[PDB]
Every structure is written in C-alpha cells, then in structure tokens.
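One chain follows as structure tokens, the form deposited in one PDB entry.
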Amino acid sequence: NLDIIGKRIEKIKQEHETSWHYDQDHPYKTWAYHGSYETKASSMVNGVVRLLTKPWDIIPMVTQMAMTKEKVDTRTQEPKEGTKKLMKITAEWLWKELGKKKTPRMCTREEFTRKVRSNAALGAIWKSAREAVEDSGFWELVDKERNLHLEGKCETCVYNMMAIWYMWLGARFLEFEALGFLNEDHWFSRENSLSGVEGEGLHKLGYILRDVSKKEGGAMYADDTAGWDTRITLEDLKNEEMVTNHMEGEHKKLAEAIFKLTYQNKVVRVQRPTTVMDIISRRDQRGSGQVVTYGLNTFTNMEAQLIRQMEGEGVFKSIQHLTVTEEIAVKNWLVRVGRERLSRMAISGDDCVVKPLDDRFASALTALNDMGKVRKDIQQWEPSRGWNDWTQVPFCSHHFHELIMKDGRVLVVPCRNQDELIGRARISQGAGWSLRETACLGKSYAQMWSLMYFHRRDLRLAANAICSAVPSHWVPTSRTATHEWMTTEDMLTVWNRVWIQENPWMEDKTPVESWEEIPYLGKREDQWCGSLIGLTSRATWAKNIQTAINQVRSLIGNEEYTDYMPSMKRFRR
C-alpha cells in the first residue's frame, strides 16, 4: 500500500503543508482517501458551420448538443479460479501471437518531441507542451523520475481527474517511452491482431464487417459493456503486464515500473466543490494515456471475447475450476482455431462485433459476467440479441450501407443519424479562436463529409457550401482513424485515391471523372437516416444556398474563393 504510493502522497502533502485538512465528510467508499488541500470548459458554437446549416437551427436534437461520476466509486468482485486460469492462458497465448511479427522497443524523446510539435492529444497539464520539450531542465526532471522507476519507486506520476485522467508530461513521456510501441508499431492492426482495426479508417470498417459476415456461423453480436474502464480488474492489469515477458534490458524494467507503479497502484487528485483537492488511490480500473488505454482495452476485449467464444463451443464446463485436461483443451483450441476465432471479430477498444461459430454464444454469459464485463441495457442472464444483417450492426458509433454505383461497382459506406453529424460540426472546444481558425475547422468537417458521408444529400450540399464559403487555399485545422480529409488537395482526387485506387475491395480501378458519377443512398433511406429532403425549410436552404455562401464570404472579407456548387447537377445551370 503506502509502500509504493507514499512518496507521491508525502510530496503533495509538503507542497500544501498549510492546508492539509483530513475531511471526515469525504464521500469515497471504494477509493481510499488520504488527505485534502485548498485550490480554486464549455462547448462553443462554430458560426461558419451554423450560418450554412440554417434549417437545423429549429431541430432540438442538433441545437441541444451545444448546451450545458458515481461509477468511478464502484467495486468489481474477484473472478473465480476457473475464470483467472482461462484469462492467464488466453493472455499468454495472445501476447505471443501479437509478438510473432513485431519487436517491442522503447519510443524516443525524439519521437515524443515530434508528436508534441504536431499537436497530438497526450492528456498533459512552461506554458504549452511545445515549450517544455525544447527546454532541458524538464528532461532532467524526466531523468530523475526515470532513474527512480529503474530503482522501482515513483515521485511525480500522479493522475488529475477531469472520466479522463491528465498527468504531468514527464509521466506521459515515461508512459510513451515504455508502451508507445503498441500504437507506434501498429500491434492492433488487422494484419497483426486479426480482430483489431487500429489504423483502418472509417472507409474500411464497413468492408471489414461485410468480410466477417461471409464466415459460416450464427448472428452478429455487438454487446456494449456498461462502463468498460471501471470494470478492468487487477487480474486484467496483471494479464496486460505480461507484454513485459517479451521485452529485455532497460525497456523491460521501464515497462514493469509503468505497470507496477502507475497502473496497478494509482494516485489521483479530484476537485470537490464543498473547492478542495481530494488525494485518493486505487489499484484497479483503467487510468492511463488515452492511446495506451485504447491498445490495452483492445487486448483485454479480444481476450474476453475468445473466452466467451470458448464458453459457447463447450471448451470448458464451469468457471468455478478448470480441470488439468480442460487446461490442455483450452490451450489446444487456441493453437488449433485461435487465429480463425480472432478473424470472426472486429474490436476497437471496448467496442466489439463477433460472428461466433453458432448462436450458443448468445447465452454463454458465465465467464463474461464473472470477468466483470457486464453487458449494458440487458438483464445479467438474458441472452444477447444478435443482428441478422451486417448492414444493421452498430460499430464505432456507425452503421454501414452497401451502395451500388451507376457503373455497377460496390461501395460500403459509413453512416449515422445526420442530426449527430450536423450537431458535432457546429461545436468547437477552447478559447481564442480567430474567424480564420473557426473557418478552417468548418472546412475540416466539410471535407470529412465529402469523403465519408458524400451519400447523404444534405451533407454533400452543406460540404460544397462550406468549401465555397471558406477561402480555397486556407488549410483545414483541428486542435484535437486515418484523416485523409486533412489536406488542401482537390476532394475529387482524394475520393478517387481512397474509394478506388487504394481500396482493396474494388477490382476495377477506373477513376471517377466527376462528383455526379458518385451515388447517394435511396431517397427514403436518406430520410430514415435523418435527411431533411422533402421539407420546405430544406428546399428554401438548397435553392438560396448562394445567399448563405455570400453571407459568410462577406464576414471573412475579400479573399480568393471557389464556387463548388456546380459540381452538383441542380447548380449546373
């Protein structure tokens, strides 16, 4: 206990010696409380996108998105011995498969520096990250902590609750040095993991689900976990740490210390209004950089789902205890069919789709419930509802349509309710946005829509409008998947590269010559997915779109603009 977290606690106590109140009115039950001390970010509207989406100003599902816990303080029972055994064997086998064609390695100050100078979310708390990285005293702070970790101790690796947990860049660097390889070297690529989709892109996910649908077997299951990060057990963290069994030298020691000192024994600071700072600690649950969180969530989800598959296939009889012959059967299933069973899944962190061998999977719930991965919105022992059609399966907040081009070629396209897409593009985060920076964020949403959602009538029109309203040469930006729309290249050229040239599911590579060759959903199916086609508000907006474009051009001023509206049939004279 205080053995490992004491130093971090001691150091914070001193820095606030004149306010160390041990509140007895502390609300924590499952989080150990240590002490307290004295201390003291809304969604803004993007005006460029809102001025060009007027019909949505009266749609509450869009307008409410711009307005405006008790699951972090929960406990997870210890799994049974049969469950623990199944997890240990599966985890051991899975790190070996992921490691067959990859080599664990340390990520570098050099690589970390480049990532900070290209504005990548690292959950940090010198002003900006940029100025800390170009000064050397910081790296001496990193070195002192680095040397403390090699010694098996920790001083400065403390979480700041805000449920996301920021850290001092020094802690982030040390996490990235030891475990960044999982993301930097694509351990969860589909080629390397079989179930993963890391680096895939939203224009690949529907093709991937259609490929899973082609396997013989049962329904497609897509069960969501209730609060996945809160259900990560200490047994889960131990099975994840076994990646260090594949490491050597410094790296092995540096990685072992991240897992022991910061993952399996955390220290957190949380603001309470009664405003004081609450210094609490817990060994279990997920708390780590969002990028390491993604890869280890993928790993543990792949593990859990292969065990749910083993349960449905009768590989083991009970989670209470695994007979010595069951152990051999589980390991033999893995060697014989493990890679085929991974191929029956698409897993993106806590998000999965599984096409099992048959529907016995639907009621194979004992291992899943006992690992703590309790399903959301369903009674603990009620059998899973499966999907009969890959086009109805939810995955990564989307569903996927099969869309046939006038020339017979087949697109599998990503889709979601259009109110969600318009409502998100109308929101910015943070202060100090110039009109130019607001315009360039609108342009990023517009180009994403032209590439991913070209099949939705309202979005291809609004995307053309925004791109006409923002100066042609201004570069799309974001402050916070592969992002092919982040470019000043012509969007028809990018569309051809993504959907035809580089698309491994498209055998005929004939380029498309104009946007009019590129199809929409059926008119009814566009409505079903939230389109306003057919409403008087929408018809007036489309007819008068040049007036809206000219309003935004007048605000931005006398700049070079291109009219993209004649790329659409109806504006082609």
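Each form is matched to the other, and the largest set of C-alpha atoms that superpose within 1.5 Å is called the rigid core. Quick note: we count residues from 1 along the sequence shown, nothing fancier.
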Item checked: Across other compared entries, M61 missing in at least a third -> no
Next item on the list: Say whether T480, which has coordinates in the shown structure, is without coordinates in a third or more of the other compared entries.
Entry: yes
Item checked: Unresolved deposited residues in the interval that joins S434 and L435 -> none
Note to self: Does the chain run continuously from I125 to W126, or are deposited residues unmodelled in between? Answer none, 1 to 3, 4 to 9, or 10 or more.
What the structure shows: 4 to 9
Notebook entry, point to check: For the stretches 508-516 and 48-56, which has the higher mean C-alpha B-factor as given in the deposited record?
Noted result: 508-516
Margin query: If you average the CA temperature factors as listed in the entry, which stretch comes out higher, 11-19 or 556-564?
Written below: 11-19
Notebook entry, point to check: Between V393, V410, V133, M247, which carries the biggest CA temperature factor in the record?
Noted result: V133
Check: For the listed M452, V498, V142, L306, which has the peak Cα B-factor recorded in the PDB entry?
Finding: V142
Check: Would the CA B-factor of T113 place it in the lowest, middle or highest third of its chain?
Finding: highest
Next item on the list: Divide the modelled residues of the chain into thirds by Cα B-factor and specify which third, lowest, middle or highest, holds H34.
Entry: highest
Check: Hey, what third does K543 fall into on Cα B-factor, ranked over its chain?
Finding: middle
Notebook entry, point to check: What third of the chain, by the recorded C-alpha B-factor, contains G152?
Noted result: highest
Item checked: Lowest, middle or highest third - CA B-factor, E326 -> highest
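Missing here is the form deposited in another entry; even so, the following discussion is about that form.
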Item checked: Displaced position between the shown form and the other one, chosen from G423, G386, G99, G227 (C-alpha, 2 Å or more, rigid core) -> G423
Check: Would you say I12 moves its Cα by 2 Å or more between the shown form and the other one, aligning on the core?
Finding: no
Next item on the list: Verify the C-alpha shift of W505 between the shown form and the other one: is it 2 Å or more after superposing the core?
Entry: yes
Note to self: With a threshold of 2 Å on the C-alpha, tell me if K29 counts as moved between the shown form and the other one once the core is superposed.
What the structure shows: no
Notebook entry, point to check: By 3 Å or more, the Cα spacing of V291 and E151 differs in the other entry; is it closer or farther than in this view?
Noted result: closer
Note to self: Between the shown chain and the other structure, the Cα gap of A346 to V291 differs by 3 Å or more. Is it closer or farther in the other entry?
What the structure shows: farther
